[PDB]
Amino acid sequence: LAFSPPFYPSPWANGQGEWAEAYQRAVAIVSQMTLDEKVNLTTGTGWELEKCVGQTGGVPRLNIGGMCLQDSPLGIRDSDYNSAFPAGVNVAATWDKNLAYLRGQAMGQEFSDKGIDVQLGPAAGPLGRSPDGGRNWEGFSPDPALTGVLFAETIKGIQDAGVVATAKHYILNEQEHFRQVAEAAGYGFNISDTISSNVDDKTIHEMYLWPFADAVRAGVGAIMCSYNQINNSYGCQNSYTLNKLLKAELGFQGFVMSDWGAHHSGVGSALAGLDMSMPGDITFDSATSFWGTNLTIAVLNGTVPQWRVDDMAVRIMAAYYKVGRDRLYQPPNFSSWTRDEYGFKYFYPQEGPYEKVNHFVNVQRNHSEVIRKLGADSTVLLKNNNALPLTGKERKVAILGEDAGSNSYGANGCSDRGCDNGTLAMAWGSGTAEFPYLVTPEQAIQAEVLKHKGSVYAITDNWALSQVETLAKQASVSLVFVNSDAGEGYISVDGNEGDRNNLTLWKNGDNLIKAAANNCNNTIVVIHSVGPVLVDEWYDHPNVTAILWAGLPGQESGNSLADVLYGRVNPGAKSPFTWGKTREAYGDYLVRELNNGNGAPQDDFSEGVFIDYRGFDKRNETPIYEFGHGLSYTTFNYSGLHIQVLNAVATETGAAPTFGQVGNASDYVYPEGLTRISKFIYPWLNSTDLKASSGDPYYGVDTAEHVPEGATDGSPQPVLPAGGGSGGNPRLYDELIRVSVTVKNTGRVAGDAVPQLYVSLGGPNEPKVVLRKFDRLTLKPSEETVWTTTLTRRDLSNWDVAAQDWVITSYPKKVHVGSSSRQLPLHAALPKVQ
Amino acid sequence: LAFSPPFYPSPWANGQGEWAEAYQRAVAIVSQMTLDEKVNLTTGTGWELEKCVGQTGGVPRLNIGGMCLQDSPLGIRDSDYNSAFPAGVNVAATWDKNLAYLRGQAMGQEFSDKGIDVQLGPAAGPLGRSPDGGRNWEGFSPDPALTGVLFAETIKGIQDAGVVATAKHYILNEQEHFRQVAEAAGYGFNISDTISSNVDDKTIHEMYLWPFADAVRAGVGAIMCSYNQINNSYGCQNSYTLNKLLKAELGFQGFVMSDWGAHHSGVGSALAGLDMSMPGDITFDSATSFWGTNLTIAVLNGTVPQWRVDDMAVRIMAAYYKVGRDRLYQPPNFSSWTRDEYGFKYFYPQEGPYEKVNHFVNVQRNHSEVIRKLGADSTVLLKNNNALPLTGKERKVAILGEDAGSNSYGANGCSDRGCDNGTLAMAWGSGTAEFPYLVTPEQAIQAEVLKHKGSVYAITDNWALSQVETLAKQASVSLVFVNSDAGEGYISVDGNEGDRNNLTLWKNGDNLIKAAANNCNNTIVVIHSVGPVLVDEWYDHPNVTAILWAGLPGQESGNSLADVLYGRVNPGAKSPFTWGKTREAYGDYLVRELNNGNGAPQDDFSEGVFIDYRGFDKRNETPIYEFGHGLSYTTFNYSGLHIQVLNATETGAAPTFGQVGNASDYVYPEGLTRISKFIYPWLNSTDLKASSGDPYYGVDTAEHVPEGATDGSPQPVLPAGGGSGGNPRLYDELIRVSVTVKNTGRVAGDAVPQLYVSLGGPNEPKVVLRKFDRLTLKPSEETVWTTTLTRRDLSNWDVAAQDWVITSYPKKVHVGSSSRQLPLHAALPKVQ
Ligand SMILES: *[C@@H]1O[C@H](CO)[C@@H](O[C@@H]2O[C@H](CO)[C@@H](O[C@@H]3O[C@H](CO[C@H]4O[C@H](CO[C@H]5O[C@H](CO)[C@@H](O)[C@H](O)[C@@H]5O[C@H]5O[C@H](CO)[C@@H](O)[C@H](O)[C@@H]5O)[C@@H](O)[C@H](O[C@H]5O[C@H](CO)[C@@H](O)[C@H](O)[C@@H]5O[C@H]5O[C@H](CO)[C@@H](O)[C@H](O)[C@@H]5O)[C@@H]4O)[C@@H](O)[C@H](O[C@H]4O[C@H](CO)[C@@H](O)[C@H](O)[C@@H]4O[C@H]4O[C@H](CO)[C@@H](O)[C@H](O)[C@@H]4O)[C@@H]3O)[C@H](O)[C@H]2NC(C)=O)[C@H](O)[C@H]1NC(C)=O
Ligand SMILES: *[C@@H]1O[C@H](CO)[C@@H](O[C@@H]2O[C@H](CO)[C@@H](O[C@@H]3O[C@H](CO[C@H]4O[C@H](CO)[C@@H](O)[C@H](O)[C@@H]4O)[C@@H](O)[C@H](O[C@H]4O[C@H](CO)[C@@H](O)[C@H](O)[C@@H]4O[C@H]4O[C@H](CO)[C@@H](O)[C@H](O)[C@@H]4O[C@H]4O[C@H](CO)[C@@H](O)[C@H](O)[C@@H]4O)[C@@H]3O)[C@H](O)[C@H]2NC(C)=O)[C@H](O)[C@H]1NC(C)=O
Ligand SMILES: *[C@@H]1O[C@H](CO)[C@@H](O[C@@H]2O[C@H](CO)[C@@H](O[C@@H]3O[C@H](CO[C@H]4O[C@H](CO[C@H]5O[C@H](CO)[C@@H](O)[C@H](O)[C@@H]5O[C@H]5O[C@H](CO)[C@@H](O)[C@H](O)[C@@H]5O)[C@@H](O)[C@H](O)[C@@H]4O)[C@@H](O)[C@H](O[C@H]4O[C@H](CO)[C@@H](O)[C@H](O)[C@@H]4O)[C@@H]3O)[C@H](O)[C@H]2NC(C)=O)[C@H](O)[C@H]1NC(C)=O
Ligand SMILES: *[C@@H]1O[C@H](CO)[C@@H](O[C@@H]2O[C@H](CO)[C@@H](O[C@@H]3O[C@H](CO[C@H]4O[C@H](CO)[C@@H](O)[C@H](O)[C@@H]4O)[C@@H](O)[C@H](O[C@H]4O[C@H](CO)[C@@H](O)[C@H](O)[C@@H]4O[C@H]4O[C@H](CO)[C@@H](O)[C@H](O)[C@@H]4O)[C@@H]3O)[C@H](O)[C@H]2NC(C)=O)[C@H](O)[C@H]1NC(C)=O
Ligand SMILES: *[C@@H]1O[C@H](CO)[C@@H](O)[C@H](O)[C@H]1NC(C)=O
Ligand SMILES: *[C@@H]1O[C@H](CO)[C@@H](O)[C@H](O)[C@H]1NC(C)=O
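For the record, the sequence lines run as chains A and B.
Residue numbers for the first sequence, in the authors' numbering: 22 to 669, 675 to 860.
Residue numbers for the second sequence, in the authors' numbering: 22 to 668, 676 to 860.
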């Protein structure tokens with residue numbers, strides 16, 4: 022079975038780069054803390070004990086409030102009077118770094134104004150190994166360059182607004198099936214441990230880790246480690262991914278929190294690089310914790326060195342100061358668990374003072390404008406045979422499909438969005454937010470037609486095909502709406518257990534399209550979905566005149582779409598994934614049956630880097646719509662490619683420090699006047715008897731044997747060749763080549779172009795092309811601009827597993843510029859650089 | 022069994038009153054016609070043979086295009102690019118003669134522009150005997166005064182726009198069950214003839230006939246006779262209702278057409294006063310007619326006098342010229358039977374030239390404005406505990422109920438609106454039109470909340486009570502939507518065969534309301550429905566803060582409603598029927614089971630005039646919301662009642685116009701291709717018996733022709749006739765009544781003052797409406813409302829005299845804001 026080699030000790034923070042000041046503040050305050058106060062920072066107080074989906078007790082003596090951590094990557098979860106933004110996948114489809122940053126800033130403002138200190142997002146894991154993976158839509162794209170850049174921009178927007186971002190899920194959580202043992206048991210599968218992603222060192226560097234390097238370099242405060250194992254070591258105690266790749270190689274200076282239920286040991290996780298246990302207990306409301314009391318005990322008995330617990334506290338305070346949270350701090354002014362104004366302070370056991378728990382604070386500002394704009398700018402025009410924009414003069418408009426209409430239970434009427442009813446503007450699970458309202462395509466399109474005194478109707482029952490065909494025969498245009506949904510694995514809709522069982526349109530969508538196209542020669546298809554779907558049955562029908570993919574647009578969905586359909590916005594989005602003729606074309610099958618008896622299912626990533634377009638290109642398959650494809654209401658020309666060569675670090679760490687002092691066990695015993703709330707997790711001991719206060723059946727059992735070599739080594743360490751900076755050795759970001767090309771609007775309408783720069787790194791098992799740069803450029807008709815970008819040393823390297831470093835290989839490299847991964851009219855060889 | 026006495030001969034037209042010019046023109050043209058041309062004007066060409074739901078073949082030699090007759094009373098049926106107006110009952114709720122007129126005008130203009138010559142509406146029969154009758158919503162109100170005025174105004178609006186209006190259904194078709202033998206058989210009942218409404222003579226005159234007297238007097242060009250029998254004589258051959266009451270007593274100068282399938286004999290119906298057979302065949306596409314060939318033969322063989330068929334033709338032409346149709350004529354530019362651009366010219370057999378059958382003419386103009394305004398002005402505010410108008414600043418708004426949302430089959434996705442899915446804006450049957458779109462209350466209210474940056478959602482599954490209760494707990498205001506639907510008897514929705522099985526809200530509506538009101542202290546209920554529903558389970562719940570009934574508002578439903586909820590329109594509508602505590606409180610039960618063996622079920626109107634509020638008042642019952650009740654966002658005061666007393677006997681002989689020749693002049697013209705199922709006026713040969721094909725031809729003919737039926741001599745003028753809508757002395761103004769009305773609140777809006785009389789006597793209702801108006805007043809403004817009582821208004825029908833008499837019992841007048849809120853009252857002076 023795959024095996025995860027040890028890497029110890031767990032690197033200590035050092036004030037690297039832009040963390041100098043936050044680190045000095047953190048050391049100064051942690052140096053004042055007792056051991057129990059430090060432990061409080063690292064451990065949540067139990068599921069549903071306080072207001073936020075994760076919450077720590079904070080350090081009241083030093084006026085540090087409990088940290089409130091709240092989902093989701095697209096808007097505040099489980100709250101009120103908040104906005105519901107488009108999903109991460111729509112941000113990918115914009116190809117627009119500025120919109121990514123502005124959506125991060127608008128979310129950070131809302132989370133800040135609710136008294137939330139840490140936003141649980143954004144997401145770049147799953148990256149998107151499989152097109153049917155249940156959570157790809159929360160992240161960005163299966164391409165690491167596109168994802169890393171928009172991931173980083175989103176982080177900077179949230180943290181500039183004063184909230185810590187959490188880069189998740191770290192790492193290789195590429196499918197929902199078998200991700201948690203009790204979830205799997207619920208679905209009838211008996212496994213002893215969760216699915217193991219087994220992946221080689223070059224692929225993890227070149228694909229899945231890459232956006233995390235960009236997140237670290239962009240200054241992300243927190244990372245959330247994942248439910249799956251990696252080579253049979255759980256993501257929240259994997260010393261290789263946490264200590265070696267994230268902390269020593271990427272130089273991460275912030276803190277690592279568990280996913281909820283992803284914490285699986287006290288000592289082992291602390292030594293392997295975990296910094297924060299969420300929601301704090303071992304299982305929800307177990308009234309036990311791997312940390313809390315156990316972690317205080319593990320320091321007192323000598324098993325976890327004081328320097329490791331002090332380092333967890335320093336990384337957590339440093340991230341909090343780095344974004345300035347101390348300057349915006351207020352307790353969370355809502356409850357995740359009830360919308361009542363008043364209630365008991367500690368929700369789950371219904372204890373504590375009875376007081377106000379919701380303040381109904383409206384934090385939306387005018388964030389509907391950026392939502393509406395980002396929905397329009399993420400609507401990919403896949404096909405258009407001179408059918409769009411509509412003019413408003415269409416005499417009779419048929420709006421066809423459940424996906425145009427309202428959810429009959431209300432927009433929020435399925436818990437955690439766990440149904441696919443009405444228009445799909447948000448997929449399901451914890452990566453969700455309550456809509457303040459949802460504008461449906463039916464509403465926005467009917468309103469548009471009425472403003473023009475047209476005739477218009479909506480049919481939203483996709484087995485009402487008699488009515489559909491009769492109306493389509495009468496209509497000037499039939500706008501047909503179809504979807505395909507997915508979400509986190511704890512919810513199953515129609516047997517889809519988070520992951521999609523297929524890539525086919527849900528609710529009879531292929532048959533609805535055929536019924537309309539059979540009868541109307543101007544049938545336009547709009548798809549809302551979490552990822553690609555199969556369009557082969559109808560995309561080339563002679564009466565399917567246009568096809569758009571609008572993703573999961575959030576609360577302004579119908580307006581975003583009407584702006585594009587009626588030409589107020591010229592669509593500039595480009596597909597952030599491949600649209601294949603079949604499911605087999607994408608390869609990368611999910612693991613859906615037990616393949617390791619009743620042990621952890623094994624998920625070998627045997628395709629290596631060959632996911633999405635890299636796989637299609639390697640197998641010489643032709644997508645229907647390739648990665649980077651999107652049409653516009655204007656045309657653009659690329660000309661004049663030029664390349665210019667440009668003229669372009676500690677070897678050991680310090681010893682591990684300690685901050686403040688640890689005293690006797692009696693200093694950490696529960697304080698005499700404190701009422702202990704049922705199920706609440708505390709840092710304190712029942713008595714000075716360590717074994718009895720731990721309640722651990724394995725307390726003191728063969729301890730040395732279970733402490734890996736190097737795990738308590740506080741001496742100076744070697745800096746790895748690929749380490750020593752933020753996101754990797756700083757030499758990786760030297761700029762080696764400047765590339766320029768002229769882009770011109772050759773059409774009659776102002777529009778944005780998304781020029782794309784791919785490289786071919788050369789060599790027998792490298793992808794033919796890999797994206798490296800892009801931008802989104804607004805041009806008036808006939809306007810030209812010179813698009814200039816640079817390739818860094820990292821952009822031209824491959825990961826060399828013998829060197830443990832990035833290397834520019836001797837194969838000749840080329841650059842290619844154009845409008846998609848398959849439309850690259852300009853190509854230049856690159857000169858040898860190093 | 023009840024018996025319907027004869028009245029013959031059928032009165033001939035005489036250019037009475039405003040008909041003088043149209044009649045001279047009609048006599049001039051009919052005098053040029055051959056007998057087969059006259060018969061073409063009287064007989065439809067067969068079900069689905071041409072474009073319109075009814076169509077005659079016209080007289081092409083004299084450039085008279087076939088007459089196209091089209092439903093419905095609320096917009097053009099079976100067409101495209103037309104509007105869908107609010108139903109008649111919503112016009113009754115406006116209490117607004119001017120809106121009634123303007124809705125008539127806007128409809129007439131659309132029908133005219135499609136090449137439609139005759140609109141099959143408006144309706145005042147059913148009047149509304151039973152609250153669960155399936156078609157009462159097509160007409161106006163169970164009160165004859167209110168219905169008669171708005172019925173007439175609607176007629177005037179249609180006909181001033183150049184379309185003949187058809188006052189229907191004449192008369193006593195007060196329920197759907199048992200109205201047609203073949204429908205009853207489809208619903209599992211075996212009856213030999215249709216339901217018989219049995220009604221005494223005073224009740225018919227004071228209630229059901231009275232709005233048709235107003236329609237006649239208003240100049241209505243056509244009447245459609247009904248499918249029921251009256252005292253066991255079918256409506257479309259009832260000589261007492263057609264010849265005596267409509268033609269001799271009310272003086273009607275226009276034409277009577279059958280309802281579709283209500284024609285039941287050729288000679289019998291022609292002599293008892295029918296003038297037009299629709300859709301022209303005996304059963305649909307039977308290729309046989311009681312008229313057509315048979316009527317040409319009935320004149321040739323002497324059984325039907327030429328004067329009778331000449332008078333049919335004169336009545337039909339005179340109505341056509343009275344509204345000026347000749348100056349607006351064009352063939353119908355759409356097909357009722359297909360939306361395709363091209364098709365065979367004669368749809369049912371797919372014969373004739375293959376050519377354009379639809380022109381897609383968009384006749385809507387700006388008529389969405391009158392529809393939006395009429396919906397707002399027909400929204401009755403029944404209850405308002407200081408909750409309305411909303412301001413737009415409510416932070417979270419819950420829109421609850423299927424009746425707020427979209428029909429998932431599309432607004433026209435149930436044929437003839439035969440389902441209750443989504444918001445109810447039109448009830449079902451042939452009294453319908455295709456919506457050009459339908460603005461739902463979900464759409465309009467969510468749009469209004471988003472304009473103010475509020476939060477808002479709609480729940481539209483009325484069994485999703487978990488979600489309802491959760492959302493109602495979080496909401497500032499919960500707007501709950503509920504409905505009850507009904508329709509013409511050939512469609513059954515959820516086992517309601519036209520008529521309503523009960524008066525309870527459909528789709529879980531009572532439970533929906535209680536789920537919201539249990540959880541939200543500002544729960545406002547909006548009801549869309551064809552008539553009253555029972556509200557006793559929740560109307561006095563302390564968290565139900567306002568209740569509105571919006572009727573069947575047509576295409577602008579959500580916008581009409583948001584204008585009232587949000588205070589752009591101050592509601593002025595008043596209830597045009599009673600809201601009782603139970604179904605029993607209304608009495609007047611439908612006949613739901615066979616009560617005469619397998620013969621015609623018998624429907625005795627044994628309550629006499631005591632329908633709706635007159636029955637509540639006679640039983641001393643207290644309605645929840647009485648007839649004439651409706652609130653406003655301002656208050657009004659009524660004061661200052663002042664009362665002031667104010668200062676032919678034979679017809680001509682029946683004429684004939686033009687000549688009738690030998691049978692051979694009427695045989696099918698040799699070069700004509702006879703279209704399958706098409707009804708023609710011609711004979712196969714000069715052999716009359718063989719050309720008729722009638723198994724009864726020539727047998728016992730005289731014993732089957734009632735006495736007087738061929739008498740063309742001058743006739744006595746009835747004491748109660750001699751004018752239009754009755755003897756002109758009926759309309760002398762006898763008493764003037766004035767009151768002062770003041771707006772004492774802070775919002776401009778309309779008052780609906782109501783004047784009731786008490787005619788006195790042991791058998792008379794305590795109060796009956798006679799006059800009303802809708803008066804617009806700004807805050808603090810006052811006006812004097814002056815009206816008059818006619819001799820008719822103070823009379824009762826005396827069966828011995830066969831005339832209206834003002835009885836000796838002392839009479840009183842009552843003026844106020846509803847049938848139960850009448851603070852002003854006085855004795856009336858004796859007048860005669
Ligand atoms: C001071 O106070 C402290 C706080 O109170 C006290 O702390 C207690 O110390 C105890 C030891 O004294 C701890 O108990 C022992 O824990 C270990 C670790 O278990 C966790 O990690 C497992 C994987 O371990 C590898 O990786 C981690 C880092 O991730 C390293 O830390 C490990 O050293 C180890 O490293 C090797 O492998 C990696 C690659 O994976 C390499 O890179 C390295 O180089 C090394 O080669 C993981 O598998 C465990 O998962 C189990 O438990 C989860 C829930 O906790 C559960 O979800 C999982 O499904 C799984 O459940 C199965 O096992 C558990 C018991 O562990 C059963 O209860 C359960 O029923 C299932 O069977 C976990 O996340 C654990 O390995 C030890 O148990 C082995 O050894 C004991 C005997 O010593 C055997 O009885 C056990 O069966 C078990 O045996 C397996 O391993 C043997 C070799 O180790 C092998 O010989 C056997 O054949 C067998 O298969 C102990 O349980 C305790 O966790 C800790 N408490 C707290 C609160 O932190 C401290 O004692 C006190 N100090 C003093 C001086 O008093
Ligand atoms: C009661 O109402 C009903 C319903 O409205 C009335 O019935 C309608 O009556 C119309 C007559 O008013 C009759 O019209 C015939 O339509 C025929 C079909 O027309 C369509 O197809 C043709 C041919 O492809 C197209 O050209 C045309 O535009 C239409 O699309 C026409 O073929 C008939 O035209 C003939 O008569 C008219 C005058 O009526 C002449 O102007 C015209 O030139 C045609 O004349 C030829 O045929 C006639 C028939 O006798 C001869 O008299 C004449 O001399 C010509 O003869 C030459 O041609 C014929 C064959 O072409 C050939 O055999 C011969 O040897 C010669 O060479 C006419 O227009 C409607 O069809 C009819 N509707 C239905 C459903 O039946 C009814 O009249 C009303 N009754 C009363 C008493 O008012
Ligand atoms: C007056 O005249 C009126 C008009 O003719 C008469 O009205 C009819 O009354 C009938 C008798 O009551 C009605 O027929 C009843 O209809 C009930 C509702 O059926 C509809 O809803 C259910 C429930 O839907 C929820 O569940 C579905 C899945 O279970 C789900 O898809 C749906 O979305 C809803 O979800 C919510 O609820 C679930 C939890 O349940 C949640 O999980 C979810 O989150 C949401 O919260 C549905 O199953 C059904 O298909 C239909 O869509 C049926 O429930 C009744 O059937 C029950 O009772 C029967 C006995 O009557 C029995 O056979 C059966 O086993 C059940 O126990 C029943 O059919 C009829 O609809 C009314 N018609 C109209 C037009 O309103 C009225 O009766 C007359 N009154 C008098 C006094 O004469
Ligand atoms: C790890 O993180 C956890 C979680 O944040 C944190 O636990 C919390 O510690 C705080 C600070 O110690 C605890 O605060 C206590 O709150 C109780 C209850 O306060 C509410 O209810 C009361 C009663 O209705 C209100 O009056 C009050 O305003 C609050 O609404 C307080 O009563 C405590 O303060 C008083 O009593 C304390 C007992 O805990 C006394 O010890 C204290 O000195 C105060 O004295 C006054 O009240 C006394 C009792 O009535 C009276 O005898 C005195 O004479 C005097 O009048 C205190 O503020 C909070 O409960 C903990 N939360 C939970 C869930 O247990 C850990 O401290 C943190 N650990 C570390 C090491 O940092
Ligand atoms: C600690 O003390 C509490 C209260 O007596 C008890 O419920 C709990 O079980 C004890 N914890 C341990 C680990 O024994
Ligand atoms: C008239 O002649 C037609 C055509 O021959 C024939 O079908 C029809 O039955 C005849 N009509 C009657 C009443 O005999």
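We put the beta carbon where it would ideally sit given N, CA and C, even for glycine.
Run through chain A and tell me which residues come within less than 8 Å of residue i, C-beta to C-beta.
i: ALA536(B); result: The contacting residues do not exist; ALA536(B) stays about 13 Å from chain A at best.
Who are the neighbours of residue i on chain A, taking C-beta pairs under 7 Å?
i: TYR430(B); result: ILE480, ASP482, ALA485 and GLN488
Applying a beta-carbon distance threshold of less than 8 Å, which residues of chain B neighbour residue i?
i: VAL80(A); result: The contacting residues do not exist; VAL80(A) stays about 35 Å from chain B at best.
So residue i contacts chain A; which residues on that side make the cut at Cβ distance below 9 Å?
i: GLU463(B); result: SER427 and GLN464
Name the chain B residues that come within less than 9 Å of residue i, Cβ to Cβ?
i: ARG360(A); result: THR491, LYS494 and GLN495
Given that residue i touches chain B, what residues does it touch there, using C-beta distances under 7 Å?
i: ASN540(A); result: What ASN540(A) touches in chain B: nothing, since even the nearest Cβ is about 12 Å away.
Applying the 10 Å Cβ sphere with the 16-neighbour rule, what's the burial state of residue i?
i: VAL666(B); result: exposed
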